[PDB]
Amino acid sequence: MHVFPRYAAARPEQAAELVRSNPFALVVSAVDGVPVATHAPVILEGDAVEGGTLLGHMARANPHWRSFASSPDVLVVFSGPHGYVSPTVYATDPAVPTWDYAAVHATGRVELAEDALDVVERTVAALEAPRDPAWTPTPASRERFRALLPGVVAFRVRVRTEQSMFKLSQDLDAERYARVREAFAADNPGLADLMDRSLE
């Protein structure tokens, strides 16, 4: 990912906000020289992605984690709201299409996490926190977590590098920007809300 300066975050806190708000990430490493990726929930420990640690889990039956010891460089991609920008919306000619999106990429050293129960329970808490109502696990559910635990592999990534981009049409003139924002308001409220929040 190349971060074009015109799409840099306006505030440094935006990157960790995106990460916390979009935890279903892509965990990428090399296996036999080819990138392989697993879709998995990953949470952040730390006030920032830089200097932070990421914690996730996958199925033990997914062999991806077995390659971590010999190929430990990982990339984790967090993808926020996104949407195609058609020239139909611009209503200007000549025009070129684009795609709007926000993302945070973090790279670092992966290690298997022995404290898998703590990782999955903290993942529950982080993914339920923005919900209304939120689910909290009963003792019976926690007992079931202990029965499920042999089938899970948890992991930690100490973040070495990080980048973020908020490609949200903010380089447009006010007239076309309003057209883009209003078209997403109806078709993609998550992206429209991200645009609004990235202006307040």
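Numbers follow the displayed sequence, beginning with 1.
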- request: Would you determine, from the values in the PDB entry, which of 104-112 and 89-97 has the greater average C-alpha temperature factor?
  value: 89-97
39-47 versus 136-144 - which carries the larger mean C-alpha B factor in the record: 136-144
- prompt: Can you tell me which of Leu18, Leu191, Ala25, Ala10 has the highest Cα temperature factor in the record?
  reply: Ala10
- prompt: Between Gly151, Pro63, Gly33, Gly56, where does the Cα B-factor run highest in the record?
  reply: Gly33
- prompt: Hey, what third does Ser70 fall into on Cα B-factor, ranked over its chain?
  reply: highest
field: Third of the chain's Cα B-factor distribution that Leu168 belongs to, per the entry
entry: lowest
